[PDB]
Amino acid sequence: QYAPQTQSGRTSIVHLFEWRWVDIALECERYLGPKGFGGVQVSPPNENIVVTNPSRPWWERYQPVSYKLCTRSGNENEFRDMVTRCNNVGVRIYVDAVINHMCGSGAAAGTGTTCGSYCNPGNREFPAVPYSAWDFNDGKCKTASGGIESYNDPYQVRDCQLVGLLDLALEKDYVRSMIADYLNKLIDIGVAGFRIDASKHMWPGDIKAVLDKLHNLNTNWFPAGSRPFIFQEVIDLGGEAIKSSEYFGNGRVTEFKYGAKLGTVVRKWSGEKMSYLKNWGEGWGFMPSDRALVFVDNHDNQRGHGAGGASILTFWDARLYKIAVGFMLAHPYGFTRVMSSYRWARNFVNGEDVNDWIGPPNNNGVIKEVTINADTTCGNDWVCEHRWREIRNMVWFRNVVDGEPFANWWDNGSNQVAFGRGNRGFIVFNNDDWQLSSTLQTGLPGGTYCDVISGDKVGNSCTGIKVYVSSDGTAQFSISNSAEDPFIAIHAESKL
């Protein structure tokens, strides 16, 4: 449940938000594979309701109507092809399992669905599953509205409707078996694990009862007796009834405090400084390292006021976003997830974006493909953060220093920071508004290394800055506060 099950040596996964299956398969072959990425978290693959008001938002995929692999991203055939093609190049697939609810209770009856299945939310009829009115928690929820009115009461958050969505009676074996059959189908196809959506809104014991019904991973790609990787989405920034630790027995948990606090440090708000990251990790009040799934931003909080609020860094703040992802990829704490998104037109009224519903680039509802430009970037408004040199090369940095301990920390007592990972990688940051000039102990062998942030190592030469480390392991670094990317990272495989 805690092991990623990635092909040995790979240590990160990317969230290819709203990407089509044919696009993800191609990406696995031409990029994710050779570039050393561990896996891909895909959007919900099961059928959802069609929301035309607003026009096809990204959130309609979180309103199920059946368990058929039929969505805007593709059909069952294309899903199987993608999982097969990715596994063959060493890139795993993790599925976003939306199992706490079905569609909204106030949706209209009919076949307004991604695959044509009929459903009647008002009567709780989902014939495709099939589900009926007694498969929901209507009578278990004690609030006057039927929804979650207080987050300080664990009963209503787990038994009431989340934003008006029909809450599944996960205590019944019928529902538990129904879901388990859906997840098992996915495992037989070749999926390596799942992101259990809205786990905070379900009882830990019910999730457990569903996980106990799951098969072992497909032996065509996984060692015998392999258990699926499980990471649960529970938002716990402290001061609340439900805690992340309640779910430690089922699998890993999303550590939302991570990006909330990293963003605050990097934006330099509230008196925070980068030098305070010397004890980053559990020392900052986070869950255990071997239970966490970390990230800077996710699909939800990047486009709104999810967990972390204004402090969350996104691609809109490119310069600082790269600094943050770089620190996350270099630090040993948790299992890392990189974000890959699409651009939308923001419209802030009173500090809040009211266009945060906007879905992926599309042509009359059909998702546009991901085109690749000559400089390896993406077109059609797909930002492809995972394709940025700095994110990409740090993904490589991490695979290289995997298992190495945190070492040789250093800071100017303000916002200039540096640290290594054993004798295989060293990174240095300048988040102060003035020059950085120091002769630091790197812990690496002597020689000339290529900086993987400003360039790459092609042949016996570097396309960017070169850092020379002397026989004793020391090296002179110079970073200007005006520099495009204010940090340098070198490692064992960038050595000349």
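Just count from 1 along the sequence shown to find any residue number.
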> Where do the C-alpha atoms have the higher mean temperature factor in this entry, in 215-223 or in 394-402?
Replying inline: 215-223
>> Using only C-alpha atoms and the B-factors in the entry, which stretch averages higher, 360-368 or 237-245?
In response: 237-245
> Looking at 376, 114, 347, 264, which has the highest CA B-factor as recorded?
Replying inline: 376
> What's the residue among 70, 440, 453, 40 with the greatest CA temperature factor in the PDB record?
Replying inline: 440
> Once the chain's modelled residues are ordered by C-alpha B factor and cut into thirds, is residue 27 in the lowest, middle or highest one?
Replying inline: lowest
> Comparing residue 54 with the other modelled residues of its chain, is its CA B-factor in the lowest, middle or highest third?
Replying inline: lowest
>> Can you tell me whether residue 434 has a C-alpha B-factor in the lowest, middle or highest third compared with the other modelled residues of the same chain?
In response: highest
>> Where does the C-alpha B-factor of residue 388 rank in its chain, lowest, middle or highest third?
In response: lowest
> Would the CA B-factor of residue 21 place it in the lowest, middle or highest third of its chain?
Replying inline: lowest
